[PDB]
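Reviewing the structure listed below.
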Amino acid sequence: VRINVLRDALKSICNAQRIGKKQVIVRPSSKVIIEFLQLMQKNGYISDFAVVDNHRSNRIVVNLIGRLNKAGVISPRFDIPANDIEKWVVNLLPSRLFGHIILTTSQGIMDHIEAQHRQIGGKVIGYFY
Amino acid sequence: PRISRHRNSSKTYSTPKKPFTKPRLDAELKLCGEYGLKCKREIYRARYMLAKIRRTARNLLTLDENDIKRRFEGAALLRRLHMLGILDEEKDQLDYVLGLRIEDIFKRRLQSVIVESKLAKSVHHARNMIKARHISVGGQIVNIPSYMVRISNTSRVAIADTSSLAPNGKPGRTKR
Amino acid sequence: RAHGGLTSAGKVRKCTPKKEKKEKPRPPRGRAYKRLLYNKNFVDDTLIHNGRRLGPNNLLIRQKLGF
Amino acid sequence: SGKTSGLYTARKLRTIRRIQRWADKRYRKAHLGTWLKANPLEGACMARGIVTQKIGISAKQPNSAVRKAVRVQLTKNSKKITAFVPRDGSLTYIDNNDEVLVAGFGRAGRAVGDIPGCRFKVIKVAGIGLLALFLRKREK
Amino acid sequence: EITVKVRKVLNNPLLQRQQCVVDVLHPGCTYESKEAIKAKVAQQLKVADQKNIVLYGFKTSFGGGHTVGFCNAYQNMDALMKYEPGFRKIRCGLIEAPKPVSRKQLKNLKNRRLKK
RNA sequence: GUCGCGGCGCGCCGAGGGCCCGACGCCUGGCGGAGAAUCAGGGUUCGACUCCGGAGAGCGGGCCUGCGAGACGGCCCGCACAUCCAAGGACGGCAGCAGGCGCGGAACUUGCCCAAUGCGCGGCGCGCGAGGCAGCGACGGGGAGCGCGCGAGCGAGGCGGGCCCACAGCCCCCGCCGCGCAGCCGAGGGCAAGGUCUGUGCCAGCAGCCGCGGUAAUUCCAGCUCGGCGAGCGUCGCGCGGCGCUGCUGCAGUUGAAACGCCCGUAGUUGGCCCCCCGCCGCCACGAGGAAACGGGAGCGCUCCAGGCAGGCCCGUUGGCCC
């Protein structure tokens with residue numbers, strides 16, 4: 001059954017953007033999906049996301065602004081040395097200047113840039129550009 | 001046992017991965033003709049060091065400006081090149097180091113500094129003159145044509161105090 | 001009798017006539033050789049460039065070297 | 001295929017590599033140890049030997065020639081090697097049962113060119129390299 | 001010119017000496033020997049005794065000669081005789097040279113004397 | 001019993017201890033790490049030898065002396081394989097250093113000295129095949145040469161010095177005398193360089209590979225030219241890269257090699273969401289402590305360099321700092 005939920009939803013978001021659909025319905029909802037969506041909304045790759053809470057897992061309806069090229073999950077959630085986060089960006093993201101690798105840290109889920117800013121390593125939830 | 005084993009040595013000359021490329025080969029012959037280089041091994045030593053210095057600047061590039069290591073290494077790398085007279089004195093930035101070409105290393109040659117001083121008026125005559133040690137860098141007679149004069153010693157390089165021009169004794173054909 | 005085999009040991013090497021070396025002067029071995037090869041191609045541009053460069057061993061370029 | 005990628009699947013990944021790394025013919029020849037035991041030149045650049053007989057081999061078609069060769073018994077392993085003496089007419093330089101140094105043709109135990117069954121070729125005869133004899137740099 | 005200015009002077013109270021770096025700025029032809037240089041060396045040293053001054057290690061540099069050598073100048077000749085490597089003192093004649101065996105000969109005799 | 005803990009030996013008393021998270025057994029042309037090679041990153045490969053720790057001194061044992069050795073340039077015995085010999089007896093051990101032999105494709109002088117670098121012995125200097133120094137030495141690394149000039153000029157040498165050195169030497173510096181001095185693979189392509197003349201005629205040969213040679217060969221044997229490298233160039237073996245052709249990054253399985261015929265299934269591996277607030281996890285950052293050489297790197301003109309930690313009219317001159 002669904003072992004990775006973020007990946008299944010992000011693939012749907014990319015699939016809707018391919019057929020130019022603004023609104024997508026993500027059937028499984030999770031706090032990690034919630035946070036991943038919040039970070040994309042801040043960087044403005046996605047627009048407002050509205051969660052229809054149900055008495056079960058929950059579903060999220062996300063309005064897209066048509067500005068995301070690609071999103072992804074890294075399985076398994078590897079351990080990254082804070083020093084080598086640059087290597088992960090060099091290969092996964094195109095260009096040091098553009099694109100966001102999304103990490104998880106004891107401080108909190110954070111951007112690769114923010115991770116460099118305080119030099120804290122962590123686990124990679126996924127990546128969006 | 002035998003501290004001769006403890007003494008070390010290094011590979012200073014790098015061969016081309018692609019050995020026979022007609023455009024690169026001919027350009028190397030031009031460099032060899034223009035700068036009076038003996039063999040393509042001569043060029044390789046200069047090419048290797050241009051690469052490593054530029055690589056060091058690229059390593060410093062991935063460091064933040066004024067990083068303790070970046071500032072310390074950055075100051076030293078820039079200092080040595082203008083100290084030798086290879087890089088523009090005013091620029092003193094990593095980006096300017098990235099543009100350096102082996103022509104700069106060739107210009108540092110003592111045999112090169114002579115054709116600019118008009119002492120031998122021929123790289124091939126400069127090479128010949130250095131072999132007979134008729135050129136002295138500020139009180140140091142030099143038999144080797146790649147002295148790599150540092151910027152200050154260009155004023156010092158001159159015909160040798162030993163018999164030659166303005167002779168100490170009888171030099172060459174006057175002697176023989 | 002086409003195979004020949006061990007009986008045909010030698011053959012064209014033994015059959016060949018001996019044409020002698022022509023006496024030649026030494027080349028200017030040294031950076032000078034590089035200097036003179038440079039004066040053959042990039043400087044002059046006559047020995048190789050008959051109007052345009054024809055290559056180091058072209059038959060037209062030969063005989064212009066007296067060969 | 002999922003290529004077992006879990007955070008706790010690191011023995012499986014290691015196991016798969018060690019078992020499936022043996023499929024490659026070149027890795028197999030290199031690390032099985034079968035070549036070392038079976039090589040007439042076992043971990044040697046070359047070996048001394050006596051010429052069993054001077055016999056030419058007919059070349060594989062299309063090429064058609066009798067490439068003069070010498071069968072050679074090695075001093076180190078007493079195995080018989082078929083070594084091609086090279087250049088032109090160099091078989092004459094060799095006499096039956098002369099000392100001969102032989103080195104591989106250069107395909108690492110594989111036959112080189114039209115000669116059939118020639119994993120090796122002659123380099124020196126009775127102390128004198130065959131080219132040195134051929135160019136007359138050093139005579140027999 | 002024998003420009004032996006004498007640098008890095010160090011008085012050794014323990015060895016009763018004043019060893020010192022020496023530089024000779026002579027142009028063109030070589031300085032005329034160690035012993036001739038020694039006469040000027042004593043004057044610069046100011047020891048005023050010619051015998052106790054001696055230079056260990058002389059190298060003339062490529063081209064121009066700025067030889068660096070280390071003159072040992074002692075307060076007393078008998079301090080020099082108490083504290084001088086025998087080989088250098090053998091060269092200067094301060095001490096004579098009782099010529100030895102072949103070192104191997106000492107070993108061969110030692111082996112036989114052990115056999116006794 | 002030992003210096004001492006311990007199945008470490010002995011009696012006694014039970015029934016354990018290990019294992020598909022691979023035990024046990026077997027094999028290894030298995031010393032291990034510091035490190036090395038190759039290289040974007042990740043990997044791969046190799047650890048004889050310098051430093052460290054082990055282990056052994058033909059092979060097994062067993063020992064006394066000693067503060068410490070189960071010591072072999074101690075002893076004793078069993079097993080080999082020896083040497084001296086007057087035949088009664090005696091006496092071994094170069095995985096020390098030279099040197100011999102066997103073997104292998106493969107590897108140096110029965111060379112000289114303790115003066116440093118240490119160490120042994122005792123306040124008054126000897127011992128050291130440790131180590132140094134020379135010899136051989138294309139393992140290799142680095143620097144110069146074979147020209148240049150219209151006629152300018154050396155260094156390679158030689159001969160005396162200076163100096164070096166345990167003494168020699170070599171270097172370098174002086175005066176004189178002055179002998180520049182190249183090869184090894186190729187030109188059909190890949191892959192740089194002849195739409196030249198000879199021979200030969202699927203022969204001889206060439207050719208890593210594709211190919212050339214069958215009487216007009218761009219491929220052989222020669223000449224001629226030309227190319228590439230360079231006091232080096234070719235050849236063979238291997239490692240790495242190439243090769244994302246081992247795939248963690250990062251490979252494929254319809255048909256090029258390849259989804260087990262099908263299904264249950266234990267280990268194994270993987271497991272929707274969900275509680276903020278601590279506890280153990282793992283995880284991440286930051287310390288602390290644990291040899292250098294080595295890799296990097298500061299500073300520095302060995303005449304230049306490969307070097308070296310030196311140097312200089314001096315940080316308390318340096319030799320940081322990282323690994």
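All residue names refer to the structure tokens as shown: chains lettered A, B, ... in order, residues numbered from 1 in each chain, ligands numbered from 1 in order.
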Check: Looking only at the backbone, which of the residues in segment 27-62 of chain E does DSSP tag as alpha helix (DSSP H), as a list in words?
Finding: residues 34, 35, 36, 37, 38, 39, 40, 41, 42, 43, 44 and 45 of chain E
Which residues come within 6 Å of segment 135-147 of chain B, counting only C-alpha atoms (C1' of nucleotides), excluding same-chain residues fewer than 6 positions away, as a PDB file with N, CA, C and O atoms (P, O5', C5', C4', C3', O3' and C1' of nucleotides), in the first residue's frame?
```pdb
ATOM      1  N   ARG B 109      60.475  33.789 -17.678  1.00  0.00           N
ATOM      2  CA  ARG B 109      61.791  33.145 -17.928  1.00  0.00           C
ATOM      3  C   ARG B 109      62.898  34.198 -17.938  1.00  0.00           C
ATOM      4  O   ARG B 109      62.660  35.302 -18.437  1.00  0.00           O
ATOM      5  N   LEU B 110      64.055  33.850 -17.383  1.00  0.00           N
ATOM      6  CA  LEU B 110      65.210  34.775 -17.417  1.00  0.00           C
ATOM      7  C   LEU B 110      65.564  34.977 -18.882  1.00  0.00           C
ATOM      8  O   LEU B 110      65.937  36.097 -19.240  1.00  0.00           O
ATOM      9  N   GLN B 111      65.400  33.942 -19.704  1.00  0.00           N
ATOM     10  CA  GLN B 111      65.852  34.023 -21.110  1.00  0.00           C
ATOM     11  C   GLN B 111      64.829  34.927 -21.794  1.00  0.00           C
ATOM     12  O   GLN B 111      65.227  35.697 -22.678  1.00  0.00           O
ATOM     13  N   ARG B 156      67.533  44.185 -11.503  1.00  0.00           N
ATOM     14  CA  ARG B 156      68.831  43.527 -11.203  1.00  0.00           C
ATOM     15  C   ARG B 156      69.417  42.773 -12.406  1.00  0.00           C
ATOM     16  O   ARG B 156      70.645  42.842 -12.576  1.00  0.00           O
ATOM     17  N   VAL B 157      68.599  42.081 -13.205  1.00  0.00           N
ATOM     18  CA  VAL B 157      69.155  41.229 -14.304  1.00  0.00           C
ATOM     19  C   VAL B 157      69.966  42.115 -15.243  1.00  0.00           C
ATOM     20  O   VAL B 157      69.438  43.167 -15.661  1.00  0.00           O
ATOM     21  N   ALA B 158      71.182  41.686 -15.581  1.00  0.00           N
ATOM     22  CA  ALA B 158      72.084  42.518 -16.403  1.00  0.00           C
ATOM     23  C   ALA B 158      73.152  41.594 -16.962  1.00  0.00           C
ATOM     24  O   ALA B 158      73.187  40.444 -16.529  1.00  0.00           O
ATOM     25  N   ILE B 159      74.007  42.087 -17.850  1.00  0.00           N
ATOM     26  CA  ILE B 159      75.135  41.232 -18.322  1.00  0.00           C
ATOM     27  C   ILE B 159      76.008  40.894 -17.107  1.00  0.00           C
ATOM     28  O   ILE B 159      76.105  41.720 -16.187  1.00  0.00           O
ATOM     29  N   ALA B 160      76.619  39.714 -17.101  1.00  0.00           N
ATOM     30  CA  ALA B 160      77.398  39.252 -15.931  1.00  0.00           C
ATOM     31  C   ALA B 160      78.624  40.120 -15.660  1.00  0.00           C
ATOM     32  O   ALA B 160      79.212  40.643 -16.624  1.00  0.00           O
TER      33      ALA B 160
ATOM     34  N   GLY E  63      78.469  31.034  -9.367  1.00  0.00           N
ATOM     35  CA  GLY E  63      78.728  32.408  -9.818  1.00  0.00           C
ATOM     36  C   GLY E  63      79.423  33.195  -8.735  1.00  0.00           C
ATOM     37  O   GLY E  63      80.525  32.777  -8.332  1.00  0.00           O
ATOM     38  N   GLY E  64      78.819  34.299  -8.288  1.00  0.00           N
ATOM     39  CA  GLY E  64      79.474  35.173  -7.296  1.00  0.00           C
ATOM     40  C   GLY E  64      79.775  34.441  -6.006  1.00  0.00           C
ATOM     41  O   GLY E  64      78.927  33.656  -5.551  1.00  0.00           O
TER      42      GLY E  64
ATOM     43  P     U F 303      73.181  27.195  -4.549  1.00  0.00           P
ATOM     44  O5'   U F 303      72.455  28.053  -5.684  1.00  0.00           O
ATOM     45  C5'   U F 303      72.456  29.493  -5.649  1.00  0.00           C
ATOM     46  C4'   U F 303      71.913  30.048  -6.943  1.00  0.00           C
ATOM     47  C3'   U F 303      70.598  29.450  -7.425  1.00  0.00           C
ATOM     48  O3'   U F 303      69.422  30.027  -6.837  1.00  0.00           O
ATOM     49  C1'   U F 303      72.124  29.723  -9.239  1.00  0.00           C
ATOM     50  P     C F 304      68.062  29.145  -6.620  1.00  0.00           P
ATOM     51  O5'   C F 304      67.557  28.841  -8.096  1.00  0.00           O
ATOM     52  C5'   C F 304      66.739  29.782  -8.804  1.00  0.00           C
ATOM     53  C4'   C F 304      66.040  29.080  -9.933  1.00  0.00           C
ATOM     54  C3'   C F 304      65.358  27.785  -9.533  1.00  0.00           C
ATOM     55  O3'   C F 304      64.058  27.986  -9.006  1.00  0.00           O
ATOM     56  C1'   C F 304      66.656  27.407 -11.464  1.00  0.00           C
TER      57        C F 304
END
```
Dump as a tab-separated table the rows for residues of segment 205-318 of chain F within 12 Å of segment 7-11 of chain C: closest atom pair and distance in Å with one decimal, only C-alpha atoms (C1' of nucleotides) counted, ordered by chain and rising residue number.
```
residue	atom	partner	partner_atom	distance
F:205	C1'	C:11	CA	9.2
F:220	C1'	C:11	CA	11.5
F:221	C1'	C:11	CA	9.2
```
Selected residues written out, C-alpha atoms (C1' of nucleotides), as a PDB file, in the first residue's frame:
```pdb
ATOM      1  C1'   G F 205      55.526 -10.270 -44.178  1.00  0.00           C
ATOM      2  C1'   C F 220      55.261  -5.604 -46.572  1.00  0.00           C
ATOM      3  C1'   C F 221      61.342  -5.333 -47.953  1.00  0.00           C
TER       4        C F 221
END
```
Note to self: I'd like the neighbourhood of segment 95-99 of chain A as an MDAnalysis selection string, where a residue qualifies if any of its atoms comes within 7 Å (using only C-alpha atoms (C1' of nucleotides)), though same-chain residues fewer than 2 positions away should be ignored.
What the structure shows: chainID A and resid 90 93 101 128:129
Check: Any idea which chain D residues end up within 10 Å of chain F if we count only C-alpha atoms (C1' of nucleotides), as a PyMOL selection string please?
Finding: chain D and resi 1+4-13+16-18+20-24+26-27+30+33+36-37+41-48+61-67+75-76+86-89+101-108+112-114+120-121+123
Residue selection dump (C-alpha atoms) as a tab-separated table (two decimals), in the first residue's frame:
```tsv
chain	number	residue	atom	x	y	z
D	1	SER	CA	12.75	-3.85	-10.09
D	4	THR	CA	16.23	-2.93	-2.69
D	5	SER	CA	16.71	0.69	-1.49
D	6	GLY	CA	15.81	0.89	2.22
D	7	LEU	CA	17.78	2.48	5.09
D	8	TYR	CA	18.27	-0.99	6.63
D	9	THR	CA	18.89	-2.82	3.32
D	10	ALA	CA	22.70	-2.38	3.26
D	11	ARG	CA	23.63	-6.06	3.58
D	12	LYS	CA	21.39	-6.90	0.60
D	13	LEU	CA	23.04	-4.24	-1.59
D	16	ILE	CA	24.11	-8.47	-4.58
D	17	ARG	CA	27.28	-6.66	-5.69
D	18	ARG	CA	29.67	-9.40	-4.52
D	20	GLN	CA	26.80	-10.33	-9.44
D	21	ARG	CA	30.29	-8.78	-9.83
D	22	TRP	CA	31.41	-12.26	-10.90
D	23	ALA	CA	29.21	-12.21	-14.01
D	24	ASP	CA	31.63	-9.87	-15.85
D	26	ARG	CA	36.91	-9.57	-17.31
D	27	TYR	CA	36.38	-9.31	-13.51
D	30	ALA	CA	41.04	-11.08	-13.09
D	33	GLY	CA	42.40	-17.05	-9.83
D	36	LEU	CA	46.77	-17.38	-12.52
D	37	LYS	CA	46.77	-21.19	-12.06
D	41	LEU	CA	52.98	-17.06	-18.12
D	42	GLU	CA	51.52	-17.13	-14.57
D	43	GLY	CA	51.75	-13.55	-13.30
D	44	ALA	CA	54.91	-13.10	-15.37
D	45	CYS	CA	55.68	-10.55	-18.12
D	46	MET	CA	57.80	-13.25	-19.86
D	47	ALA	CA	59.51	-16.64	-19.29
D	48	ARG	CA	62.61	-18.64	-20.41
D	61	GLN	CA	41.05	-16.64	-43.68
D	62	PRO	CA	40.70	-14.11	-45.33
D	63	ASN	CA	44.47	-13.64	-44.78
D	64	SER	CA	46.51	-16.51	-46.32
D	65	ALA	CA	50.10	-17.13	-45.16
D	66	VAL	CA	52.19	-19.62	-43.15
D	67	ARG	CA	53.18	-17.52	-40.11
D	75	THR	CA	61.20	-23.89	-17.69
D	76	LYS	CA	58.96	-22.57	-14.86
D	86	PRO	CA	57.94	-11.97	-35.40
D	87	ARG	CA	59.20	-9.66	-38.25
D	88	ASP	CA	60.57	-11.35	-41.45
D	89	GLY	CA	62.58	-14.61	-41.67
D	101	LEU	CA	62.18	-15.64	-23.88
D	102	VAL	CA	58.50	-15.34	-24.84
D	103	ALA	CA	55.98	-12.56	-24.00
D	104	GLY	CA	52.22	-12.46	-24.59
D	105	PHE	CA	50.97	-11.09	-27.93
D	106	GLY	CA	49.39	-8.15	-26.03
D	107	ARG	CA	45.73	-9.24	-25.81
D	108	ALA	CA	46.21	-10.53	-22.20
D	112	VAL	CA	46.32	-11.53	-31.74
D	113	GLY	CA	45.54	-11.32	-35.47
D	114	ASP	CA	45.15	-14.09	-38.09
D	120	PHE	CA	52.15	-15.49	-26.89
D	121	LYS	CA	55.03	-14.45	-29.23
D	123	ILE	CA	60.84	-11.73	-27.77
```
Counting only C-alpha atoms (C1' of nucleotides), which residues of chain A come no farther than 10 Å from chain F, as a short mmCIF file (atom, residue, chain, number, x, y, z; two decimals) with N, CA and C atoms, in the first residue's frame?
```cif
data_model
loop_
_atom_site.label_atom_id
_atom_site.label_comp_id
_atom_site.auth_asym_id
_atom_site.auth_seq_id
_atom_site.Cartn_x
_atom_site.Cartn_y
_atom_site.Cartn_z
N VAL A 1 0.88 -1.21 0.00
CA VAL A 1 0.00 0.00 0.00
C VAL A 1 0.91 1.24 0.00
N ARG A 2 0.36 2.43 0.28
CA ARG A 2 1.17 3.67 0.22
C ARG A 2 2.20 3.66 1.34
N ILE A 3 3.48 3.54 1.00
CA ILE A 3 4.55 3.65 2.04
C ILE A 3 5.03 5.10 2.03
N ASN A 4 5.21 5.69 0.84
CA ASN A 4 5.55 7.15 0.76
C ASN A 4 4.32 7.93 0.30
N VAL A 5 3.92 8.92 1.09
CA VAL A 5 2.68 9.68 0.77
C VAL A 5 3.07 10.98 0.08
N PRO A 28 -4.16 11.44 0.10
CA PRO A 28 -3.58 11.28 1.43
C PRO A 28 -2.95 12.58 1.96
N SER A 29 -3.23 12.94 3.22
CA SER A 29 -2.63 14.16 3.82
C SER A 29 -1.75 13.82 5.01
N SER A 30 -0.67 14.59 5.21
CA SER A 30 0.27 14.31 6.31
C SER A 30 0.90 15.63 6.75
N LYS A 31 1.46 15.68 7.96
CA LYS A 31 2.13 16.90 8.45
C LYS A 31 3.35 17.22 7.57
N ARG A 56 -10.87 10.92 8.75
CA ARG A 56 -9.90 9.83 8.44
C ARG A 56 -8.49 10.42 8.29
N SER A 57 -7.79 10.09 7.21
CA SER A 57 -6.43 10.66 6.99
C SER A 57 -6.43 12.14 6.60
N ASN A 58 -7.43 12.64 5.86
CA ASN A 58 -7.57 14.06 5.39
C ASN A 58 -7.18 14.15 3.91
N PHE A 78 17.90 9.98 3.35
CA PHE A 78 19.34 9.80 3.68
C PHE A 78 19.78 10.70 4.84
N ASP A 79 21.01 10.51 5.31
CA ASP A 79 21.55 11.45 6.33
C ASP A 79 22.52 12.34 5.56
N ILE A 80 22.43 13.66 5.69
CA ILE A 80 23.37 14.48 4.86
C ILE A 80 24.39 15.17 5.78
N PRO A 81 25.73 15.12 5.56
CA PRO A 81 26.62 15.93 6.38
C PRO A 81 26.32 17.37 5.98
N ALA A 82 26.33 18.30 6.93
CA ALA A 82 25.98 19.71 6.62
C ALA A 82 26.97 20.22 5.58
N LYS A 87 26.88 19.13 -2.31
CA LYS A 87 26.99 18.05 -3.32
C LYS A 87 25.59 17.59 -3.71
N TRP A 88 24.71 17.47 -2.72
CA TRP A 88 23.31 17.04 -2.98
C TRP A 88 22.63 18.06 -3.89
N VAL A 90 24.24 20.23 -5.95
CA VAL A 90 24.92 20.29 -7.27
C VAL A 90 24.29 19.24 -8.19
N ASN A 91 24.01 18.03 -7.70
CA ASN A 91 23.49 16.97 -8.60
C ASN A 91 21.96 17.05 -8.74
N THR A 104 15.11 18.07 6.71
CA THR A 104 14.46 18.02 8.04
C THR A 104 15.59 18.11 9.04
N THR A 105 15.42 18.96 10.04
CA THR A 105 16.50 19.15 11.03
C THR A 105 15.85 19.10 12.41
N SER A 106 16.65 18.86 13.44
CA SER A 106 16.11 18.88 14.82
C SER A 106 15.51 20.27 15.07
N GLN A 107 16.13 21.32 14.55
CA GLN A 107 15.52 22.66 14.68
C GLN A 107 14.17 22.67 13.96
N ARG A 118 23.01 28.11 9.08
CA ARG A 118 23.41 27.75 10.47
C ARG A 118 24.27 26.48 10.48
N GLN A 119 24.66 25.96 9.31
CA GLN A 119 25.58 24.79 9.23
C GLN A 119 25.04 23.58 10.01
N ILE A 120 23.75 23.25 9.88
CA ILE A 120 23.22 22.03 10.57
C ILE A 120 22.81 20.99 9.53
N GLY A 121 23.33 19.76 9.64
CA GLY A 121 22.98 18.66 8.72
C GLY A 121 21.68 18.00 9.13
N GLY A 122 21.13 17.13 8.28
CA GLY A 122 19.82 16.53 8.59
C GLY A 122 19.45 15.43 7.61
N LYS A 123 18.15 15.23 7.41
CA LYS A 123 17.64 14.17 6.51
C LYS A 123 16.86 14.85 5.38
#
```
Would you mind listing, for every residue of chain A within 8 Å of chain D, the two atoms forming the shortest contact and the distance between them in Å to one decimal, using only C-alpha atoms, sorted by chain and ascending residue number, as JSON lines?
```
{"residue": "A:75", "atom": "CA", "partner": "D:6", "partner_atom": "CA", "distance": 7.4}
{"residue": "A:76", "atom": "CA", "partner": "D:6", "partner_atom": "CA", "distance": 5.6}
{"residue": "A:77", "atom": "CA", "partner": "D:7", "partner_atom": "CA", "distance": 7.8}
{"residue": "A:78", "atom": "CA", "partner": "D:7", "partner_atom": "CA", "distance": 7.6}
```
Checklist line | Proximal residues of chain E relative to chain B (only C-alpha atoms; 10 Å) as a VMD selection string | finding: chain E and resid 27 to 29 61 to 66
Same residues, C-alpha atoms, saved as a compact mmCIF listing (two decimals), in the first residue's frame:
```txt
# COMPACT_ATOMS: atom_id res chain seq x y z
CA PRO E 27 84.32 39.25 -6.85
CA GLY E 28 85.67 37.26 -9.82
CA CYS E 29 88.65 35.05 -8.82
CA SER E 61 78.17 29.76 -4.14
CA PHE E 62 77.47 29.36 -7.90
CA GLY E 63 78.73 32.41 -9.82
CA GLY E 64 79.47 35.17 -7.30
CA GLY E 65 81.34 33.97 -4.21
CA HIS E 66 79.66 34.90 -0.89
```
Check: Which neighbours of residue 4 of chain E fall inside 7 Å, counting only C-alpha atoms (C1' of nucleotides), when residues of the same chain fewer than 3 positions from it are skipped, and could you give them as JSON, numbers by chain?
Finding: {"E": [22, 23, 24, 41]}
Item checked: Residues of chain F within 9 Å of chain C, only C-alpha atoms (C1' of nucleotides) counted, as an NGL selection string -> :F and (145-147 or 182 or 193-196 or 198-200 or 203-205 or 220-227)
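Of note, atom CA of residue 82 of chain B and atom CA of residue 153 of chain B are spaced 12.8 Å apart.
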Check: Out of chain D, which residues get strand (DSSP E or B) from DSSP, as JSON, numbers by chain?
Finding: {"D": [46, 47, 48, 49, 50, 51, 52, 53, 54, 55, 56, 57, 58, 66, 67, 68, 69, 70, 71, 72, 73, 74, 80, 81, 82, 83, 84, 99, 100, 101, 102, 103, 104, 120, 121, 122, 123, 124, 125, 128, 129]}
Margin query: If the cut-off is 12 Å, can you tell me the residues of chain E near chain F, counting only C-alpha atoms (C1' of nucleotides)? I'd like them as a PyMOL selection string.
Written below: chain E and resi 5-9+21+26-37+55-69+82-88+90-91+97+99-104+106-107+110
Note to self: Give me, as a ChimeraX atom specification, all polymer residues having an atom no more than 9 Å from residue 49 of chain E, counting only C-alpha atoms (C1' of nucleotides) and skipping those fewer than 2 positions away in the same chain.
What the structure shows: /E:42,46-47,51-53,73-77
Let's have the selection written as a PDB file, in the first residue's frame, with N, CA, C and O atoms.
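And here is the file that came out, part.pdb:
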```
ATOM      1  N   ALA E  42      90.833  36.818  12.161  1.00  0.00           N
ATOM      2  CA  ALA E  42      91.220  37.077  13.564  1.00  0.00           C
ATOM      3  C   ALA E  42      90.982  38.552  13.861  1.00  0.00           C
ATOM      4  O   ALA E  42      90.564  38.877  14.984  1.00  0.00           O
ATOM      5  N   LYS E  46      88.607  39.801  16.760  1.00  0.00           N
ATOM      6  CA  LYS E  46      89.155  40.623  17.882  1.00  0.00           C
ATOM      7  C   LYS E  46      89.620  39.692  19.005  1.00  0.00           C
ATOM      8  O   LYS E  46      89.854  40.194  20.123  1.00  0.00           O
ATOM      9  N   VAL E  47      89.722  38.386  18.723  1.00  0.00           N
ATOM     10  CA  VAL E  47      90.286  37.430  19.718  1.00  0.00           C
ATOM     11  C   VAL E  47      91.758  37.800  19.910  1.00  0.00           C
ATOM     12  O   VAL E  47      92.209  37.715  21.070  1.00  0.00           O
ATOM     13  N   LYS E  51      96.012  31.320  16.529  1.00  0.00           N
ATOM     14  CA  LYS E  51      95.854  29.844  16.597  1.00  0.00           C
ATOM     15  C   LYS E  51      94.432  29.391  16.915  1.00  0.00           C
ATOM     16  O   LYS E  51      93.967  28.447  16.252  1.00  0.00           O
ATOM     17  N   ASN E  52      93.751  30.036  17.859  1.00  0.00           N
ATOM     18  CA  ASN E  52      92.431  29.495  18.291  1.00  0.00           C
ATOM     19  C   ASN E  52      91.324  29.715  17.255  1.00  0.00           C
ATOM     20  O   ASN E  52      90.283  29.073  17.425  1.00  0.00           O
ATOM     21  N   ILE E  53      91.531  30.568  16.242  1.00  0.00           N
ATOM     22  CA  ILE E  53      90.511  30.743  15.158  1.00  0.00           C
ATOM     23  C   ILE E  53      90.680  29.683  14.057  1.00  0.00           C
ATOM     24  O   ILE E  53      91.836  29.441  13.654  1.00  0.00           O
ATOM     25  N   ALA E  73      86.625  30.537  17.240  1.00  0.00           N
ATOM     26  CA  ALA E  73      87.751  31.308  17.819  1.00  0.00           C
ATOM     27  C   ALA E  73      87.699  31.105  19.324  1.00  0.00           C
ATOM     28  O   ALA E  73      86.669  31.418  19.901  1.00  0.00           O
ATOM     29  N   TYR E  74      88.789  30.660  19.937  1.00  0.00           N
ATOM     30  CA  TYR E  74      88.702  30.287  21.371  1.00  0.00           C
ATOM     31  C   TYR E  74      89.449  31.289  22.248  1.00  0.00           C
ATOM     32  O   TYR E  74      90.343  31.976  21.752  1.00  0.00           O
ATOM     33  N   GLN E  75      89.042  31.405  23.511  1.00  0.00           N
ATOM     34  CA  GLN E  75      89.791  32.270  24.453  1.00  0.00           C
ATOM     35  C   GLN E  75      91.186  31.682  24.621  1.00  0.00           C
ATOM     36  O   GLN E  75      92.153  32.462  24.637  1.00  0.00           O
ATOM     37  N   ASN E  76      91.280  30.353  24.721  1.00  0.00           N
ATOM     38  CA  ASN E  76      92.589  29.706  24.993  1.00  0.00           C
ATOM     39  C   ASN E  76      92.890  28.641  23.940  1.00  0.00           C
ATOM     40  O   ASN E  76      91.945  27.974  23.497  1.00  0.00           O
ATOM     41  N   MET E  77      94.159  28.495  23.553  1.00  0.00           N
ATOM     42  CA  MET E  77      94.563  27.406  22.623  1.00  0.00           C
ATOM     43  C   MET E  77      94.357  26.073  23.342  1.00  0.00           C
ATOM     44  O   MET E  77      94.107  25.071  22.665  1.00  0.00           O
TER      45      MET E  77
END
```
Margin query: Would you pick out the contacts of residue 35 of chain B at 9 Å or less, using only C-alpha atoms (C1' of nucleotides), so that residues sharing its chain but fewer than 6 positions from it are not included, and give the list as a VMD selection string?
Written below: chain B and resid 103 106 to 107 109 111 to 112 123 to 124
